[PDB]
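Right, one structure below, let's go through it.
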Amino acid sequence: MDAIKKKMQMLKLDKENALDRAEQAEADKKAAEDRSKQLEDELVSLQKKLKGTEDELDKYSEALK
Amino acid sequence: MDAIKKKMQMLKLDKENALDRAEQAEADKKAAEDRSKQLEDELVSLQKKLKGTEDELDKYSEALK
Amino acid sequence: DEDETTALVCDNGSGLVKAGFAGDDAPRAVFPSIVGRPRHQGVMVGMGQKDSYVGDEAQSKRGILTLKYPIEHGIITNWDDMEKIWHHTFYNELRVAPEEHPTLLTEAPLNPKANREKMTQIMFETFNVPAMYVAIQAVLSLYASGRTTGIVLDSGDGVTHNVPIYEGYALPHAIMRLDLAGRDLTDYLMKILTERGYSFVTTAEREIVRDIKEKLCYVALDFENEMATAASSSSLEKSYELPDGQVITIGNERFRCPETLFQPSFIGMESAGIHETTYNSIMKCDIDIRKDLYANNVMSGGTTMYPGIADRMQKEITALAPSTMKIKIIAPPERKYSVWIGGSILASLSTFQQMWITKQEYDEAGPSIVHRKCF
Amino acid sequence: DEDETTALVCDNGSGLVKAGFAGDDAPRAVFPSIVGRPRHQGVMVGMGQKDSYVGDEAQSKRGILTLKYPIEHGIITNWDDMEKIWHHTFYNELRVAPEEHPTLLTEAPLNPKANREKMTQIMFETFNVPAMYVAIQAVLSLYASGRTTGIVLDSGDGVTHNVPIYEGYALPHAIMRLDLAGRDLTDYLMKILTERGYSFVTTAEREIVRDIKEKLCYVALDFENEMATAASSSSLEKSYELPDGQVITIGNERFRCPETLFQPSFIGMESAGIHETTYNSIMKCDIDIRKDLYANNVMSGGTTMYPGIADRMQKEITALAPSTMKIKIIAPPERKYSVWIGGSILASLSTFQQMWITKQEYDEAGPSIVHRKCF
Amino acid sequence: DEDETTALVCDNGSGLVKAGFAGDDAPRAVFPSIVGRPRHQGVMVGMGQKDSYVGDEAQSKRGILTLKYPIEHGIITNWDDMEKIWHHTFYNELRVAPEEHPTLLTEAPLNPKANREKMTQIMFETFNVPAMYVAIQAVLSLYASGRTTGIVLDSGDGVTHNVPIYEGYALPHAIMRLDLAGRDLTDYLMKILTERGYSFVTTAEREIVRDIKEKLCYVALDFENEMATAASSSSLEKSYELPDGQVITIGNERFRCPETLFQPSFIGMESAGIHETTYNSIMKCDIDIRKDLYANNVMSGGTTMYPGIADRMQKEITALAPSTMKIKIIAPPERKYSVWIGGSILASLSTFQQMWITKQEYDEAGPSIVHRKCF
Ligand SMILES: Nc1ncnc2c1ncn2[C@@H]1O[C@H](COP(=O)(O)OP(=O)(O)O)[C@@H](O)[C@H]1O
Ligand SMILES: Nc1ncnc2c1ncn2[C@@H]1O[C@H](COP(=O)(O)OP(=O)(O)O)[C@@H](O)[C@H]1O
Ligand SMILES: Nc1ncnc2c1ncn2[C@@H]1O[C@H](COP(=O)(O)OP(=O)(O)O)[C@@H](O)[C@H]1O
Ligand SMILES: [Mg+2]
Ligand SMILES: [Mg+2]
Ligand SMILES: [Mg+2]
């Protein structure tokens, strides 16, 4: 019936809408793992810098002595 | 006739599955910004250490020269 | 707004505006110096239809606006543009009224004094700031480094300045300005990408390619040998994912773009590389302290976020200068905010309010008073 | 008629006329743009003997009338025909007098300026509308979608238009009109049905076959593979019950008719499929926003009631464009009324009466005033 | 073929290909760069049934062929198309074999280096030319003018280039390419004619309207005043006789079409008119010689056959630049052949064979040798 047409339409379209909000959320989630990846990369590079820092400190230390 | 009845069932079930998927995706989203924020926290702390290490290294090297 | 009448600290750097309150560690409102204007006329209604667009609003509306630069290499186009952007910064971005807070500003090296006189006069008439002070960004970067000896390489987006300062004293006789900056970098990269098959003219792609410079660009250790090995270089060649989704691959260009500053003969400058400009600057002054200048060189600017400037710098200076004393560069992370930090440092001490440029001094002697009040 | 002097909202779409009052959700009088005239002369008496037949009257009297189109692909045949059909719509169908209600009209994209000047002049002289406004159907469909960014595919019955609009700004430089529309669809289906054994020329069968297109037609996912499997296809082959009662069976033709818009080489067009026309349109404009255009494409028109346009659209654009960003189409149900809805939206706000085209402006500057009053 | 082994001179201009022998005054085989392909498939027999159609053959067969451009704004679609058209030019049109004659070619300004490397490699493998030389069309137009000082405005069919050359030295730092050309002109005229009631999409009407541009178009001395007086303008309005026989009348559009290059805001370009592009180009270089650039500007291209560019050019430059020194443009009649003439000039002197790009050099160093052999 025409009423049946409209019923399936609103239900199916709201279904696709909900799925699509799911995937837009999933896109934000992907950009979030991205941000986490850059932050972890920066943290690891900073750790390398700090360890090199301590090594330089020691070397110049007994250079001064 | 009866097929439309099955339709009611399958369309509603798929809609509820989409709803649950959207909710789970949003929850994982929020969790991902939580992990991003904590990573930012330790990165900032380690950078604040790194700055003073850089300063002490420069002064120590100048004293060595 | 803080309950206290603390001063405003604003760095109008040639390429970025960073504004905030005194006593703060980092500027609160930081935006690029691009200004967007409606590309067409008004027929629609219900939304928009606003002339000036500044800040992130213009960044989002880059495609619809003609993107214009109110300042380029220090030259001022239209003071109304600065009026609007300062209004936006103070009220829409800083949420502060300049009536109750004196302003400390930083200007580009040798920003013109005549330019100073007009900008100060329009400022004082248009705004109601209680007091004023403007300083060169060189001493601000010095303050950020916190060492009175060194030569500052300020690499803005319009000019690169080399300024030597020994024991906290300026040496204008050995200060130079070079017309190479971000603009040139983008231009040169534009022509090389044109030779790579991609030819764009508009400013959106200008920002895309400067982002590429921020992300992927190298500073070649050896130039012609690295293009020789970059002939194929499947691993060394690097790609970028443009926001539209196409994958754009660039190889030697990564380290052939910043090399234009080092090798100006690529696009025709009589002046040699910026290392020669630091070298000449050093020898112009007395011989003896030159070694300290070698050992105390500082570099500042947003560009400094790129890799490769430090190694190239030291190696070439050691090639030019005798290699007895060890040369080492110092550059704190996130130094593009450093100038603004130094502004806060200026407001930290209680002697700074001895030489605030008050309203009544300007009312007495006009703008000319600054000629005697700053220098 | 409502006690209030609210405006008239009339969409004279290329294929359907939908008219009603402002503030209403759907147009009240909706009729196809066919016009019937007596096929022979008058000798009988007692009833009928009327020249112009419009609306459902002509639909019932299709067999006795030569069915003619006062507009085809925007071109205007006889203004008297529009005069009569507007009289019928206003008085016999809308039961409204245009004296007390300003009219908002929608016109086909890129309609002739001379056409606008003549139609407005005959309108103002013949009718007594107090005020006027005419707009392109593209921004109307945009308003129905309520999103300022996207490319509108307007598939009327005479022309298909692709128009990009970013952040509620028209891009005429990237707007194109294609001469493929319902007429072509009916023609192509006519020749295929002729090859199926049924050869008709008159307009009644034209409406029958467009009804068949409304009901049974497919958009093939893969073309030659689906005719290969449609060789026998007892289940896939579909039948229709024509009003005379004969059962007419059609198989691959269901998805071989709309394919012609996608594959114009079937009946000889230099222009490729409409997806190519959306693709070129997209690249003509700056690169950066193109991704948003990919993700914000909208389709509008009565044809859109058919299945298969969405899947075909996305798949082919993803084939042509890089598949990093996800492309999704939006199309609200019953979008052929959407334009008229947008007209009501225009009358909703209180700024719309600032730019009504009043009688005295036209009396002062003639029709030429619209050249300055709309654009 | 001449008994002597004289070189081939071929100008592959962006819009026209003009080929002939060295020592000749004008190119022998001149054809537009359109390429036609069968719009449908083969079922008939006895004649035709040939894929590629080039030259006047395609001009006569425009209606039956999809008309495609193997090059647009310098970008290369399919090298096979160039292979076929060069075969046609050399053997069917020039009646010459490239085995015994070295080729001098002209390329669009700032063409891709990768494009040069691929085109040279496919050329050398496919063909058996003994020797090679390729040059920028800018210096060729300079040679045609025979004056080492001036700024060349090359207005091709895909790009317009402004290139300054002082005392026979190229200035790449002040060279720019603008994406406005014949294509844009035809497009804009297409949309205006659509607003005049005539809406066509196919390429035959593209050639008709470019012919209209060749014949009737004006360059408005004052724009809005001339449309104001062109409101009626029975005498000023001009008509054309289309080959089908209909009389199509156009008024202000005659001078509203080329104006778009001068006023790009009509269809949305950030870049201002081409006179601004010549102005900026001039100031980029040292101040002093700028006056000579003002007095020595040259314009080249097929478009230059239109009237109005000279007066508009001088007036606007005098408006922008101080009016002390007198500015005068030079443009010899039939200058679209001038580039090819300069090619002959290159073959005139006996030093030209010192730097022919021979087969063995390419066999030794691959295509890469051109990177060191031309520049
Ligand atoms: N995070 C970043 N990484 C790399 N480069 C940057 C970054 N931020 C800004 N830049 C570059 O810095 C330039 C602006 O320089 P700026 O810091 O304004 O000079 P100044 O120190 O004289 O104010 C811009 O052209 C931009 O290319
Ligand atoms: N309910 C429907 N289902 C399918 N197709 C329809 C329906 N109503 C109209 N159409 C088609 O739409 C066409 C008219 O398009 P129209 O909506 O007038 O274009 P526009 O949006 O430019 O006004 C007709 O040729 C008809 O085939
Ligand atoms: N006789 C003519 N009169 C006017 N315009 C012409 C004539 N011949 C060619 N043109 C125009 O010149 C354009 C081709 O430019 P072209 O001379 O190929 O540029 P280039 O100098 O870069 O080769 C064509 O689009 C055409 O409109
Ligand atoms: Mg700087
Ligand atoms: Mg439509
Ligand atoms: Mg040319």
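Identifiers in the structure tokens: chain A, B, ... in order shown; residue index from 1 per chain; ligand index from 1 in order shown.
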Within 7 Å of segment 295-310 of chain D using only C-alpha atoms, minus same-chain residues under 5 positions, as a PyMOL selection string: chain D and resi 141+149-156+214+218-219+326-331+335-336
Contact residues (chain B, partner chain C, 10 Å, only C-alpha atoms) as an MDAnalysis selection string: chainID B and resid 47 50:52 54:55 58 61:62 65
All Cα atoms, paired in order, least squares: that's the fit I need for chain B onto chain A, output as a compact mmCIF listing (two decimals) with C-alpha atoms, in the first residue's frame.
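Writing done, so here's superposed04.txt:
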```
# COMPACT_ATOMS: atom_id res chain seq x y z
CA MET B 1 -2.23 0.87 6.20
CA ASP B 2 -0.67 4.06 4.81
CA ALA B 3 1.16 4.49 8.11
CA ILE B 4 2.95 1.19 7.44
CA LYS B 5 4.02 2.73 4.11
CA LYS B 6 5.52 5.71 5.92
CA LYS B 7 7.13 3.08 8.12
CA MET B 8 8.86 1.52 5.13
CA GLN B 9 10.29 4.95 4.31
CA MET B 10 11.34 6.04 7.81
CA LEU B 11 12.86 2.67 8.72
CA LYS B 12 14.90 2.53 5.51
CA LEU B 13 16.04 6.15 5.88
CA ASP B 14 17.09 5.58 9.50
CA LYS B 15 18.94 2.42 8.44
CA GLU B 16 20.86 4.31 5.74
CA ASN B 17 21.64 7.11 8.19
CA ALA B 18 22.99 4.52 10.62
CA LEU B 19 25.10 3.00 7.83
CA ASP B 20 26.56 6.39 6.93
CA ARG B 21 27.23 7.14 10.60
CA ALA B 22 29.05 3.82 11.00
CA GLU B 23 31.16 4.46 7.91
CA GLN B 24 32.09 7.98 9.02
CA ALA B 25 32.91 6.76 12.54
CA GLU B 26 35.19 4.05 11.12
CA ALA B 27 36.92 6.59 8.87
CA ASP B 28 37.55 8.88 11.84
CA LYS B 29 38.81 5.84 13.77
CA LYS B 30 41.40 5.06 11.09
CA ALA B 31 42.42 8.73 10.93
CA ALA B 32 42.92 8.68 14.70
CA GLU B 33 45.30 5.74 14.55
CA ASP B 34 47.10 7.60 11.75
CA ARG B 35 47.60 10.63 14.00
CA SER B 36 48.60 8.36 16.90
CA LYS B 37 51.25 6.73 14.70
CA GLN B 38 52.72 10.04 13.56
CA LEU B 39 52.81 11.31 17.17
CA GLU B 40 54.61 8.09 18.12
CA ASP B 41 57.08 8.81 15.31
CA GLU B 42 58.20 12.20 16.58
CA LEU B 43 58.13 10.98 20.19
CA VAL B 44 60.52 8.13 19.32
CA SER B 45 62.84 10.46 17.41
CA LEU B 46 63.00 12.96 20.27
CA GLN B 47 63.60 10.16 22.79
CA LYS B 48 66.48 8.86 20.67
CA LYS B 49 67.99 12.35 20.88
CA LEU B 50 67.29 12.52 24.62
CA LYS B 51 69.26 9.35 25.34
CA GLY B 52 72.49 10.71 23.88
CA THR B 53 71.88 14.02 25.63
CA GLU B 54 71.61 12.13 28.94
CA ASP B 55 74.87 10.28 28.27
CA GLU B 56 76.80 13.43 27.37
CA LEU B 57 75.42 15.23 30.44
CA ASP B 58 76.54 12.44 32.78
CA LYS B 59 80.06 12.31 31.33
CA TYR B 60 80.39 16.11 31.35
CA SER B 61 79.27 16.31 34.98
CA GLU B 62 81.77 13.63 35.98
CA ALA B 63 84.55 15.57 34.24
CA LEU B 64 83.48 18.72 36.10
CA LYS B 65 83.69 16.93 39.46
```
Each residue of chain E with at least one atom at most 6 Å from chain C should appear once, together with its nearest atom pair and the corresponding distance in Å (one decimal); atoms considered: only C-alpha atoms; ordering: chain, then increasing residue number; output as a Markdown table.
```
| residue | atom | partner | partner_atom | distance |
| --- | --- | --- | --- | --- |
| E:112 | CA | C:195 | CA | 4.0 |
| E:113 | CA | C:195 | CA | 5.3 |
| E:173 | CA | C:267 | CA | 6.0 |
| E:270 | CA | C:66 | CA | 5.7 |
```
Got time to write the residues from that selection, C-alpha atoms, as a PDB file, in the first residue's frame?
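Printed below is part_5.pdb as written:
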```pdb
ATOM      1  CA  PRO E 112      57.262  19.628 -17.771  1.00  0.00           C
ATOM      2  CA  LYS E 113      60.790  18.249 -17.714  1.00  0.00           C
ATOM      3  CA  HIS E 173      62.087  34.460 -12.003  1.00  0.00           C
ATOM      4  CA  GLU E 270      41.933  35.078  -8.014  1.00  0.00           C
TER       5      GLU E 270
END
```
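Between atom CA of residue 221 of chain C and atom CA of residue 314 of chain C the separation is 11.5 Å.
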Contacts of ligand 3, 9 Å or closer, only C-alpha atoms and all ligand atoms, given as a VMD selection string: chain E and resid 11 to 18 32 to 33 107 to 109 137 141 154 to 161 181 to 183 185 to 186 207 210 to 211 213 to 215 300 to 306 334 to 339
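For the residues E:230, E:138, E:247, E:341, ranking by smallest atom-to-atom distance to ligand 6 using only C-alpha atoms and all ligand atoms places E:138 first.
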Taking 5 positions as the minimum chain separation for residues in the same chain, which residues sit within 7 Å of residue 53 of chain C when counting only C-alpha atoms? Answer as a JSON list (two decimals) with N, CA, C and O atoms, in the first residue's frame.
```json
[["chain", "number", "residue", "atom", "x", "y", "z"],
["C", 35, "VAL", "N", 44.58, 37.02, 4.90],
["C", 35, "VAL", "CA", 43.30, 37.70, 5.04],
["C", 35, "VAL", "C", 42.46, 37.42, 3.80],
["C", 35, "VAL", "O", 42.90, 37.67, 2.68],
["C", 36, "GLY", "N", 41.24, 36.92, 4.00],
["C", 36, "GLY", "CA", 40.37, 36.56, 2.89],
["C", 36, "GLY", "C", 39.24, 37.57, 2.67],
["C", 36, "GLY", "O", 38.65, 38.07, 3.63],
["C", 37, "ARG", "N", 38.97, 37.85, 1.40],
["C", 37, "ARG", "CA", 37.93, 38.78, 0.97],
["C", 37, "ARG", "C", 36.98, 38.13, -0.03],
["C", 37, "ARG", "O", 37.42, 37.32, -0.85],
["C", 58, "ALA", "N", 38.83, 32.23, 7.82],
["C", 58, "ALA", "CA", 39.33, 32.32, 6.46],
["C", 58, "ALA", "C", 40.03, 31.04, 6.03],
["C", 58, "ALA", "O", 39.95, 30.66, 4.86]]
```
DSSP alpha helix (DSSP H) residues within segment 152-350 of chain E, as a ChimeraX atom specification: /E:182-195,203-215,223-229,253-256,259-262,274-284,290-295,309-320,338-348
Sel. of strand (DSSP E) residues, segment 156-227 of chain C, as number ranges by chain: C: 160-166, 169-170, 176-178
Shell around segment 371-373 of chain C at 12 Å using only C-alpha atoms, local window under 6 positions removed, as a PyMOL selection string: chain C and resi 112-114+116-117+120+132-135+354-358+361-362+365
